[PDB]
Each structure stands twice: as structure tokens, then as C-alpha cells.
Amino acid sequence: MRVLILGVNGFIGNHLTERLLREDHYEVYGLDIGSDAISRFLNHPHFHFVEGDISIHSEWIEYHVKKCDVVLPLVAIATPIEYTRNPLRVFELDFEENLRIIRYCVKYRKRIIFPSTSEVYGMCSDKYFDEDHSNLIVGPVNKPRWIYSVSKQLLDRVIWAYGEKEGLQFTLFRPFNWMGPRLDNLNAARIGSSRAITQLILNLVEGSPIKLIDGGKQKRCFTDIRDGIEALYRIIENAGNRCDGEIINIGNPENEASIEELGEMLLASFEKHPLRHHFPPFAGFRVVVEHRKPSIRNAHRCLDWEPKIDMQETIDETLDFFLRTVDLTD
Amino acid sequence: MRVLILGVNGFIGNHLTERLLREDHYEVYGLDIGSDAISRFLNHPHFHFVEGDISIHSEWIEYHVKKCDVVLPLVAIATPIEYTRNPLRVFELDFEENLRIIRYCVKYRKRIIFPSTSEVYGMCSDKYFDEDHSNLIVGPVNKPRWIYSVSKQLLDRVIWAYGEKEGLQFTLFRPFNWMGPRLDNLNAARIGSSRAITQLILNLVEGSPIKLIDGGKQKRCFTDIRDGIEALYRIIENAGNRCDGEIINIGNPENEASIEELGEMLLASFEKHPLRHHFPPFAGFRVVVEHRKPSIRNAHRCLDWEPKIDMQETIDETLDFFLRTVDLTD
Amino acid sequence: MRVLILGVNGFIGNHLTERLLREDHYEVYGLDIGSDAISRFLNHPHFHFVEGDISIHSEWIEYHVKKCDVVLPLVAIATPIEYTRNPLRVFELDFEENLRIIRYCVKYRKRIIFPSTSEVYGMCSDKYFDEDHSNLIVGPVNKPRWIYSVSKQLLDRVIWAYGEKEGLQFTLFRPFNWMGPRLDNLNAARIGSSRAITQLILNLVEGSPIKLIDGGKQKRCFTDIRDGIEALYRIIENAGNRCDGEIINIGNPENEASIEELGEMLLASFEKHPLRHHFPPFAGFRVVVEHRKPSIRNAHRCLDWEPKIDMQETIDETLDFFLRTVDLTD
Amino acid sequence: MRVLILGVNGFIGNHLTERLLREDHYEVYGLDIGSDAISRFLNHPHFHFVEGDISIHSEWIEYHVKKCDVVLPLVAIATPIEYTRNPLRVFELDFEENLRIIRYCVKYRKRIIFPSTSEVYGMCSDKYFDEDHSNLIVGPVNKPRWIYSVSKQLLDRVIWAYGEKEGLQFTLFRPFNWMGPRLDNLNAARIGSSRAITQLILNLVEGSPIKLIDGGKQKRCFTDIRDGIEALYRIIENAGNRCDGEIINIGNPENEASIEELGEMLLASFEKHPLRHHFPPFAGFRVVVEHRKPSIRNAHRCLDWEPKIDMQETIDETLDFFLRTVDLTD
Amino acid sequence: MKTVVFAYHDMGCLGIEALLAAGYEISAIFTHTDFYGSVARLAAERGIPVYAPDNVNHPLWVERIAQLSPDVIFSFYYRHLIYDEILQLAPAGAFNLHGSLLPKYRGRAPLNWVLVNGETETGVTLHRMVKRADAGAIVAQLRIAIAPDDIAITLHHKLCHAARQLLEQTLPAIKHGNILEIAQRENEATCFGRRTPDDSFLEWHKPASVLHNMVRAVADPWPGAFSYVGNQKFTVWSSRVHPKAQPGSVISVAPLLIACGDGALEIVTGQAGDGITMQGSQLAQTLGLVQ
Amino acid sequence: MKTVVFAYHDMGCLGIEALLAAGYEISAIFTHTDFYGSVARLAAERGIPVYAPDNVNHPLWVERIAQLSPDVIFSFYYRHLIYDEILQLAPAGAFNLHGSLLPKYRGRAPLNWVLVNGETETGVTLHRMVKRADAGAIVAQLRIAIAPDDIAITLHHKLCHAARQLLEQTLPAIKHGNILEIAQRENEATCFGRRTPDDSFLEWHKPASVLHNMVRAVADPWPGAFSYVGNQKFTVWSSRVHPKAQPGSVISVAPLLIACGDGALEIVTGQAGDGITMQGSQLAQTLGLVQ
């Protein structure tokens, strides 16, 4: 129908718009300060870009909320530099006006799909991993850069409150380290950038010797974008109205692999890339949240949705893409 | 100097005012919506009441902050059921209005002594309780009790941030289970009334049978207001300039008593109570967290304070007080 | 009708109130933060005090402007140290709020009686000081205390603009070096007295040797509160309507005296006054803008005013007052 | 770096922008209601126009100040008739709004380049115009029509205050009658159009006889536009970090020239223009501040700058160009 | 031989230089988080690891001290508290140097009250720590003198030199083993603190010698002995005492002389407000003082 | 022979002491508005009034200079330009001490400009002023060498002793009367631009020796040589050069060496961010660098 995505300029935002363009009854008006990541889409008639900044314009975003039918918050800072420089500014800004959005949305009775952050677990050591009944662990209070992260969890609670006093339909949804083509840079203020995988890309492009940090036995999992985006399509269509008030998670337990094997297939995909002649050779190995298991019971009970695509070939293709599209701007 | 007490009408407020009238350089202009409990001290020449409510007045509070020299908030919701009846109101009152007053004091560089709550530790599993190095625990989302407590803890965090980036002079202090004359009523929204001692007030005065709740082994620590207010004097005068940017705890660790011994010496001090023949006898016994020790190293280091009054004296003379002040009309 | 004199707690405010209570068709509502100096007139039936501050209070002043029928701006900050440490403070209070009241007065067709300053002449080289025909000389730009002062002059110019296109009913009046009983306190930063006479009172009370600036040849003019205030009354009813667009000075040019004869008169009254025995004596004279004569043509032109009360006898009553009313319990 | 110049559509603004277009690290955002004068350089990739008006948009300008890095105000009204018809409009526009902008820039720590006017010195009798040390002579009191102009000088004083307590990095600069191509019209609200040169244009195009004002011997000075803008370029890069909080003037005192000799050299350069045939001849002579010296000590103390191009060549090519670009739509 | 020292400030720096002069190695230097030669640069020249945690009251630093196993622990003018919960881990004990003569003359703020009387006999004590803080037995104590012409900088130089030649003798004592202590009086023990800035205001009713010690205690670069007349601030840096009218008036202007409770005080140098320091006569000229 | 000197900082104080050793009397000192020795203390102990006006380009201050009637002007490392407003009062003229090989690279901040080439031959030059500043005859030139191990503070100290021992026999030269000086060689004058922040950023293409001398010159108490990787800052307080490698690659870990345009560099003293100083092992532990 009518879709507003606040924070249109993003990685996941770009893929979400790209997949919305397949469906024929959707008008997309995307507002954000820049459009570089979506520069291909500008010419497409049904998408309309809006230069703006949620920190400043107040009635104007509300005018968007009026004109549309569904509103998608997507803004968050995942850049470490604001944590170290002045975490209080990002804490006051990227937190409070979000509640302004929630209050305006509940006043206008608008449909809200908010992306919760994966940082609320921290380092839970309890055997029985839970999301609504287990406890959360935080480190020493002496540091301020985690003040903001924990408050994000509080924000979720606030949305929950809005349920029992007016009955606003709310969806707390949580992507986990989605990757694919069109990655982002280090300093990009976009969520979805797993520092582990990005650091691996840096180790590859720099061509430094593969640093086996404690042997590389740490395990990771990865997800595909499009399967999640189609899940969000089924939420948007609201099959059975079964997504209301339920926290939905999207993750693949089975692709539970250590860093070592990841590196083996990583080199097995890199050493077949033709453009290696612009690249340093394989420098050789040199020795120097343990597990997140996603419960997909809610996903089945709300959508009957399952994942289909495997990881390995997609990671190889994304690596080959990011090696072919190395910035020509020397 | 000039002292402003946000919510001076209460247990702590009344005791603080009464002891502050012992000194000769204090002017007290106390603002709150009610003044019944301070009817005795309203006539004192330098004590003047101000009918107010921070939820409505904005320039009034900032006026009083400017004209005064020290500002002390003292308001907090001690009502558990109010956490559930209309949680939105408590969220809108307890969080951002106080954030506003902290920001206002920041703009004015006023010495702020903030009354943090004892719920900062919560249910930490570590035996050696710390204040700035141990872990913190939050509750399940479906249980609403934490929506207040945890958020309160977060506000404390915010004040600390205003330290290093704004140069705010902050004094986080936490009251632990105080008692004394003029006990709080059932519905008073002022802290300073332990659930245990209040429950015993119901058991005795209401004449309920004494519940032998699982033997009565859990143990609590109690404090006298006099030691605390003497401490607040030495912080207001700021002996040695050593309390700047420090977290201070006021408590009495050594005298820790279980419920059974509490009830036993309560019955002992009750059997000598003079007005007994105007109050019906006991109806017979009816048969039916676990550890909290404070670390008061910083208080000793920055103030060199020791506790004086020992519990049973306060307990029996306060029980005698609130037994003899039963309305004699009926 | 209704009279509002903003800045009631002061020398000129108190004497203005005393004069106004001599006539029977005035109601006096005085607004200010303090009431110590006019506490003699609280019990008078038609006196009504209201706490206020133009810096913070906004609705109270506007509501009074609506209700009253004549409005008198009278208070000004004259703290020297505030000039040097924080010029921004005096700029942000003393300028814009007053411009706001002038603009409200325009919007509500209200009388404005603004106390312009007499210090605008500065160092005019002509033997006969004029206001609109002689030249003016000012000091260097590097001194900070004129930074505020000069803006006051510009401020006057603004109301002058209101004369031409819209014809606001305005009157700029300049008191020149006034005196009278009920002297200001020593540490009070309030205008109303000459610095020469004040330093002379200090030279008497502390018994310091009087420093003869070039022999004490600098000539000044002095006025009495009664004559000027009755003149102010006859400007308040604005007889004949002819005072519109008129700028009125108050002074006694004939009563022009150097410091030397002030010292002679001071010694004459001091060596004669009997209660001297609780004070230190004088220590002798130590040897160490110069002439001001303003025009009073407009006063005759519009109102036909001629001053009555002289200079020496008023010193005798004022000095006898400030000698006899010193609290013996000091 | 990022530069935001308020009032991009003008003589000085256009020149400075086109000068900046030779350095590759500048992004230019130019806000004004009009864009006719910038009709060529708008297509330049890094310059972007913004329809705005400081009287109405408030958050919009401040958002620009945030996203940019340096802010340069350049708007001012130099229309004498507007000083009389509606002095209030200019009073609250050229003073109030920009004062708010200075407050904003101070609040968020932004470097400010402020344009002052040379008319503040007046008629100092010393051979060297001093800004903080010289004396001042003023015009008649009874004329308020120019009160706005001296108001601007007061604004400079405010910036002065900003020095001593905040340490704001302000750079006050004063044009002394620059000249160059793309001059302004009669009703254009852009400064720089010296009455001498403009009067010369009108006396040629209208063909009126030359008024030898007191024989046409009154002196004037001129400056090159290039020298001014390269100066501003060196302050923008702030060579040596020695230009912060410094007062810099740009002038050519060795160009002391009377109206008569301007007439003779400009004619001696203009009668060589081939296309004169559509322009009326000259009609003879009819017979009909006064000495200003700049200080260039600070210029050599900071930048070591000195002007190159010889003036009459500038004036005649500019006159030739405005003669060949006569608007055909008249 | 090798031990983990906890040091801070120039006292700690001098202690490091002292034990280095005898060939002692430092496993780690636990100092607080921070013109003189930084001990960090010296330790980097020696290539030895350094750590500066905000607190040692964790099991982790407990196990650092456990498996580093230091052999003797010192305390040079430390600011942060080391309470007995850490003193338990010390195998051989802890020895803290403090600049007052134990066990006599204790109270509040000893440093200034030994300046008030200008005692020719003061002392510095190296002492043990026990369960009762600052109550351990005296290990060694040394005597020093105060000259009538001493300024803060020069007497601090004297105390540094005193620490030098004292440690020169304490090092052989410790390397030889335990040294017999000298007992104290338990009925004369306290816990010391600090003072307040408001003591800088010059109460002219005080005696001339007392005012002399007040001027002495606030020498450059301490904030200074400040006083206000009317709305004008000033601070006095140096003065003398010299041997009429009612006390309270200024007798002479050049030089400026002030009457006091007993005798007269002659001000050498003072600064008026934010202006530079200058001698008394010009100060009295600007302040408008009279003879 | 009473004169008014304009002095500032420790070369200024040193010039005061040298002039006092000559016996010259200073009517007043026009010092500019302010760890170095403040002139106020010595002026107070020896009793010389000192005036610090915000500006001297006024009728009243020049009237003061006219009434005092100085006979000479001295300049010790002055910053501002001397326009004829000061040149006219002097009967004998003005003379400036400058630490560079004039007429090369004149102007503000000559310290880095003279250490750019790292000459083993540099010193102090006295010269006279004329209407064009720094264009009068050279009075004297004094030479000293810099050792490869010299640190910035030791160079400053050596300049100070050199200034003392130079003034020691330059003051008699002007005492005895005028001397026929040596004129400047104008054929050795050039002009350049400004300095960029990149001089702080440790870029890796220039050879090791030049940036080594810069780093050892910008040692403490100067800000130091600081550079960033990723989002992490560090500063190199000192280093040494160890001897055909790919620039940008990490050569070793223990010890650790950095590849550069020529040779290899080794960090021995340095600190990351605002932390304590420590050899590069702990810095590479936080950063994560391996060979």
C-alpha cells in the first residue's frame, strides 16, 4: 500500500527497497540525509527520496506518517567512534526521539515494526538461553559506552507498555548479522555489519598473514537476506494476524562453524579469483559470545516460515563481488 | 546558604528539615503539593512552604534552583502496585522530568545530591557484592516489576556520564532501610518504610496472628536517620573535598537480624507496653533477599563516619510512639 | 485606577509609593522578588505585593500588564563585578526582557515611563552641557563596563522610533544624582545616590582621611526626592497631553557644589552632632565630568516646574538619619 | 571542509565562491531566496543552492550549521530609504536573527567570520584610525534615521564580549569599498556600491553634467576584490593558527583620489571603447569620511599580504563590461 | 630482590631512583592513572612492564600479587587507600613513609600545624600497616630541621634530599632482614585527613607570627593568601614582621604597613585580582589605601 | 643609562640577569601579558617596578618612555613585528638575539625551520634593527653542535648556557662603545609559506633519519609525534633506527620494527591515547600486530 521507511539509506534498507520493487501496489517515500547507497533507485518513479534528518524535522516526518499506512524505523548508530568520543550525545539523540516516534505513532494509531538490537544478551552464562525469561549480564559500571546499549533494551519494554494501554500493534523484530552483496564501510552508520566478518575482509584485502587468534576455534552462524525479507513480506501481509505482540527472530543454527573451517573455504574461494594479480599472495597462517542459538518456534508459530538458501556459495560470491568492485578511485 | 528540598513533606524530608533547623545558616524554601506532615515546622521563621508539582510547573523549579545554592531531590515511588495500575504515568513521571531537572542543574552548575535506590544490585549472584565492578540483573519482560527499577538504575548511569563530559558535581547516595519516629502511612509515596517493619505494624496493630513464614530466617539491616543526616552535613560542608565524583553508601552492616529474632524482641518490648489494656491481646501463632551486605569502604575513606544507635532502642520507642498516637477519639 | 510599579523594593520605589498613597484614587500592586524595604506599607489597605522576576516569570508580568492601567518600569542591575565576570548575564537580562515589555505595551496601548540615564554626557568639552545641540565625547572601547552602558543608550533610541510611525505614548525621564532619607544599604547594588557623598559617609564611619581630588573642585548638582517625585506625579497625569514625545530631565543646576564645601558642611555637622561617641573620628584631609550643568528648558516648556528644596538642609536630615538609625546592637 | 555562506546570491558572495571553485576540497551550500546572480556556477558539482530566508526558517539554518564546518554571514541591508519607511523591519532582521545565529554557533562551538562595517570609526582626528583607542564624534541627536546603522556596531561589541569568557574563534572583517565585475543594481540589497562610482555611472548614462562637488576634490580610497577574497582564503585556512580572535582590515590607503581625477582617468579609458555609439555624450561641468586611513599592522602580523593590480584598469574593464551587457529587456 | 612497588608522585619517583641505585628490580609499577622526568620513560629505558589499574580490589589483581609473589612492599605518599583486604596478601608486610613525627603530636592536618610554630625539629617516619590503619609499629624515623627563611619549594627540596639519605640507610637495613620495631602508644592514635580552601582568608586579628606562617603555607604555586576589601580581591605572597594608633588602620603606604594583634606586618609582594605581582606601595596606590 | 627592557620567558630572565651583572638599571620592564621562572619574583626581591600593559601604541605609554628616556632596547625571542613606533624612541637603537642562521628562514616558529636540515652547526646571533626588521648589522654569531642523542630539552638548556656565556662578553662590547659590526648578506634570503598539520602525522615514506630527528626534537614537553591507525592513536616519544623491505608491513614483534622509506624504525618510548608510556609490546598487544 503506502510504506514509509525512516532511515532509508542503509544496507538492509537497500535490500528491503530492492525487494519491495518486485511488488506492484507499493509506494515508497524514503527520507534520510543521503542517497548514495540507493543511487540506482532514484530514477524509479514509485520511489521518492526526501532529504531530511529526524533530529531536526518534527512535524514533517509526522506528515509522512499521516500520508502513508505503514512506518518502518531503521536508524541506529553501530559506529564505535561516537561511543569513545562523546557517548552522551548519541545516547540523548538516538534514544529519546525514538520515543517521540513511538508516542506520535500510538497517538495516530499507526502500524509499527521496530528492529530491536541483538546487544541485549551481552554475555549470558545461563545454560537455558531464553529471550523473555532469562536474565541479562552487563560488565563493569565504570564504562559509559555500554550505557546506551542497555537502554535500547529498555526501549523495547516501552513499546510493550503501549500494548496494554491503547492496543497498538507492535512488532519487535531482530535480524542477526545478515550479510550479502553491497557491504558497507567501517565508518558507515548502518547496522548489520558483523565486526568479525568485516575484519576478515580487511585481513584478506590487506593480505596480511592470517592471524590464528587462539587457533580460530570460535563458532559463528550467518543468515541470508532474502529469506528474512520474504518473512517480513508475510508479516506485512499479516497472514492470520498472528504476528502481533510476538518477538520474531531470524537465524540459522545449523551453519555453526568455527573460524578455522571458515578460513579454509574462504581461501578455497579466494584462490580461484582471476583478479589476484592486483593482489598480494597468500601470506600463510600464523598463530598468535561463544554460542548464539536462535529459537525459531515463534517464527513457525507466526508464519510457518523456514530458511532455504545455504551460506557457502553466497559468501564466495560476495567475496568475489567485493574483490571485483574494489574502489577504482585511487 | 540556601537549600531546596524537592518533596520536603515526608519521613526523610521532615527529619532532614528538623535537624537542619539546628544550624543557623540555612534557609529552607520547600516545594511539594502537600504540607500536612510539616505542620509543626511550617511556622519556623526560615522555613517556607511552596505548593507545587514538577509535572506542571517548569519555570518555577528552575527559578528555585537558581535562587537556591543546593538542590536535593527526595521524591520516588515506593508503591509496588502503582508499577502495574498505570505504568505509563510512572514512566512519564519518574524518568524524563527528573532528567529535565538534572539538565537544568547542569546548565546552572548546582551541587546535586541524588538519592539513588538500593535496587542497583538487585539479585547479583556474586557473593562479594560490589558497586562498580560486579554484574547487574534484570527481570523477565512478562513480569512488570522491573520496568521501573531497572530504568531508575539507568538514570543513575546518566548522571554519572554528565560528570566527565559536562563537569557536573554529583553525589549518588542510596538509603538502606531507615526507621524512626513519625512512621509513614500505608499509601504515602515517600521512601523510608521497610516492607518487613510495616508488615509487623499490620501484624501487631491489626491484631493478626503471627505468621511463622518458613521459620523466619532471612535477615535485614536497619539504620537511624541521625547518622545519615550527620553524613549529609559533612557532604554539604564537603570536608576535605574528597566526596567529589564518589559513590557513597549509608548502612549498618554488622547488626543484621532475622525475622524470628525481630519478632521475639518485638514481643518482648510489647509485653512492657503501658497502654496494653486498651488494645486486644494476641490471637495465637499461625504456622507458614537471603543475604545483603553493604560495602562501605568509600564512606570510611571519604568521611570517616561510624554508626552509633543500635536497633532495639529505635524499634521499641518508635513502636511505643505509634501505639500511643492512636486516635483517642474512638 | 490600577498602578503597577515594577521594582517596588528600593529607594525611589519606596518614596514613589509613599507619595502615591497621598492621593485617594490609586491602587498599588508592587511586583518584585524582595519586600524588606517596603514592609512598612504591607498593612496599608490598598497595598498588594506580588513576587516576581522578569528573567524567569513571564505569565505573571503579562497578566498584570493586562489587568493594570499604568505601568512603571523602575528596576535595573548595577553590580560592578557582574560587569566584568559575566557581561553575557547583564546583556541577556537587562536588554531583551525590557524590549519585550515595551513591545507588549505597544500591543496593549500602554503608558511607558522609562528611566533614561544622565551619564550620557560623559566628557563634553563645552562649558554649558546641552542634550541635543552640544557634542559628546566617550571613553575608550577597551574598557568593559561601558559595554552594557552604551547599549542602554541604544535602548532609549528604540522607544524614540516608536514616536514617529505609531506614536507610542512614551516618556524618557532622567534623574540626576538624587538624595533623601532611607539611604540604601552599603553592599546593595542599587542606584539612587552619588558616589562622592557615599564615599564621604564611608570616610566618616571608617574615619579615613578624605582624599581631596585636585582640591575637591569638581562641581555636582543634587536634588531632593520630594520635589522630583511631585514633578513625577504631575507627569503621571500628563496634564495638557503636551508631554507626548517629550524627554524630561530633573535637576537643580543652581545647587552646584564642589567636593570642598561638601567637606566643610560635613565637618560642620559632624563636630556638632552629639551621638558621635560611638564612632571613630576623622583623620584629616590628604591633598591629591568636572562640571555638569544641564538644561531645564523643557520642564518649563511643558509643565512649568521649578524646584523648591535646597541642598545643605537635606544633607543634615539624611546624615542625622543614618547616624541615629544605626542599630546599637552591633 | 564544508563552508556555508549565508546569502550566496550577491557580488562578494559570488566572487568568493568562484574563487573557492579552484580548490578541490570545498563543498559549498548556498542559501538565499534568489539565485539569479549565480545563474552560471549552480551546475558546478559541489555547489548546491538552498531556497531559504533566515526570518522564517530556524531549524533549517541551524541544521545547515550542524552539517557544515564553517559559517559565514554576508547579508545586510544598505538601502537608505528603507531606513525611513520601515526601520523596524531592518531593525529586527539585520540585528535580531543574526544575533540568534551567533548564539547558536557559540552554543555548538562553530568558527565565525563576521562582516563589520568601516563606518564605526567616524571622524577621528588622529592620523591613524584606531578601533579600541581613538575618540568618537557623532551627528545630531534629533535625527534617528541612521540609528540602525550604529546598532550594527553594537553587535560587533557583542562579539567582543564573546572573546573574554568563551574564547570563541571569531574573525571580524571590514571591506573598504571593493570593486569588480558583476556589480549590483540600484535596488539590490548588496553592499559595495560606492556612491562615487555609482553616481559616475548614472551621470554618464543619463548624460547629466558632472557635479564638481566643492570642485570635485574630495578624496576616496578603493580596494581590489581579489585581495580581499585571497585574504579571506588565508583566514579560512587560518595560516599559522595566529588569526583566531583577530581583527583584520583590508584597504588601499595609497589610493587617495579626488572625484575630478577619477573623472579624467575613467574618461581617458572610456573614450577608447568602440561600441560607444549607442551612448549619449558628455554635457560639461557644473560646480557644486572626508579623510579615512586604515591600519595594516595586524595584516602584516598575521598574513603578510599586499595588493598587486593597478586600479584604473580594473574600473575601466568593469565599466566596459557593464556597458556591453546592457539589458535588452529595458 | 625483585618486588612489585606501589608508588606515586615525586616521592615515588625518588623511591624508584633510590632502589635503582642499589640494584633493585621492580616486577611491576602499580601507580594511579596519570616537567620532571617521568618514571614511565625510565622504566621503558629499562624495559620492564607497567600497569596502572584504577583499583586492586578484584580477584584478578589478587592473583597477580599471588603469582608475582613480591618480597617487600613500600608506600611513597600514596593517595588512594590500601585497606587490610589487600594488606592480607602481603607476605613480608608494607612500609609506608609519612612526613610527621610519630607517636606524638597527632590531631588534624599535621603539616600546617608544624608550620604554624615553625618547629626546628620535625621528622619523617617509615612505619608498618596492621589491621588498624596507620597503626603499625614504627620501623624507622628521621629528624629534620626548618629554617626561618625557608620557602615551600626549598623545604620540599630539603624533604626530597632527606628521603634520599634516609633511604640510603634503610636499604641495607631491609636487605639484611627484619629490623626490630619501636612500640607506640595506643591511647594516642587517630586518622588524618585534609583541610579546606577557606583557611586562606586573612583574619587580621591573628598575631604577626601566626600570619607569617599563614603567608608561608600558601607560597607559590599554592593558591595564595587571599583577602577582599569591598569588591576587590588580592593575595599576599611574602611579608616580614616589624615592631601608636588604634589597631586596624594602615600606618604607612610606602612601604605599606598593617597593624595586627601584636606588632606590625610589612607586605613585600602581592597580586591584586588577576594582575601581576608587585610590591606593596603600588598595591596601596591602586587600592586607595591611606596613611 | 637607565633603560626599559621588553623581555619574556627564560631567555628574557637570562637577559635580565646578564644586564644586572653589567650594572644597568631598569626604570621599568614592559613585559607582555603572560613552569618558567616568572620575572615578578626577581623584580620583587631586587625592587624594580614592572608594568605589563595590553598595548604600548598610545600617546601616554610613549610619553612614559620619553620621560624614562631609555638608552637601548633588547629583544629576547620576540614574536610581534617592531614598527617604527618603537624604533624612534631609541637613541642608540634596538638589538635582538635570534636562534637561527640569518638571513635564512626568518619569521615565526624558526625552531622547526632550523632543525629541518639538522645541522651540526647552529647557534645564537645578535643583530641590530633598522626600519626593516632583521635588516641591521650582525653584532655576533656563536656556534654549537648537536649530538645525535640530543633531546629537545637538552638543546634548550644548551641554548640557555650559550646565551649566558655569550652575553657575558657581548655586554662589555657595547659598554666600551660602538663597534664596527658586520653587514648582512642579502644574497641569502628566501620566503616560504605556512606549516600544515601533516607534520604531526607520522607518514611512512620519508627516510628514517629526517623524521627521526623531528621526533627526537618534538619530545616532551612538546605534544609529540602522534599518528592513528584505524581509530586508535599513539605517540612516539623516542625511537632508534635499525638497518630493502616492503613499506607498511610489520617486520617483527619482540622486538618490533616498522618498515619505512629507508631503513627500519623501532619504538622504545611511546604511549597510546592518553595512557602511560611503554615500549611497543603492550601497544601491539592492544592493537593486535604480529610479524
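Chain E residue numbers are taken from Swiss-Prot; in order, the displayed residues are 1-34, 41-249, 253-300.
Determined by electron microscopy, 4.0 Å, according to the entry header.
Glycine is no exception: its Cβ is also placed from the backbone N, Cα and C atoms.
Copied over from Swiss-Prot:
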type     : residues                                                            : note
ACT_SITE : E:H104                                                              : active site, proton donor
BINDING  : E:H86, E:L87, E:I88, E:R114, E:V136, E:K137, E:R138, E:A139, E:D140 : (6R)-10-formyltetrahydrofolate binding site
SITE     : E:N102                                                              : site 'Transition state stabilizer'
SITE     : E:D140                                                              : site 'Raises pKa of active site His'
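Shown here: features listed in Swiss-Prot, placed on the structure.
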residue: E:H86; record: (6R)-10-formyltetrahydrofolate binding site; DSSP (3 states): coil
residue: E:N102; record: site 'Transition state stabilizer'; DSSP (3 states): strand
residue: E:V136; record: (6R)-10-formyltetrahydrofolate binding site; DSSP (3 states): coil
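Least packed by the Cβ count within 10 Å, out of the binding-site residues E:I88, E:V136, is E:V136.
When the binding-site residues E:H86, E:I88, E:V136, E:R138, E:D140 are ranked by how far their Cα is from the Cα of the residue listed as 'active site, proton donor', E:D140 comes first. Each residue contributes its Cα atom, and for E:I88 ((6R)-10-formyltetrahydrofolate binding site) and E:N102 (site 'Transition state stabilizer') these two points are 11 Å apart. Note: the CA-CA distance between E:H86 ((6R)-10-formyltetrahydrofolate binding site) and E:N102 (site 'Transition state stabilizer') rounds to 13 Å.
The recorded positions listed here are E:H86, E:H104, E:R138; among them, E:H104 has the most other Cβ atoms within 10 Å of its own Cβ. For E:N102 (site 'Transition state stabilizer'), applying a Cβ distance below 8 Å and a minimum sequence separation of six or more within one chain yields E:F80, E:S81, E:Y84, E:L132, E:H133, E:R134, E:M135, E:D140. The number of other Cβ atoms within 10 Å of the Cβ belonging to E:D140 ((6R)-10-formyltetrahydrofolate binding site), over all protein chains shown, comes to 16. Largest Cα to Cα distance within the recorded (6R)-10-formyltetrahydrofolate binders E:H86, E:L87, E:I88, E:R114, E:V136, E:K137, E:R138, E:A139, E:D140: about 22 Å as a whole number.
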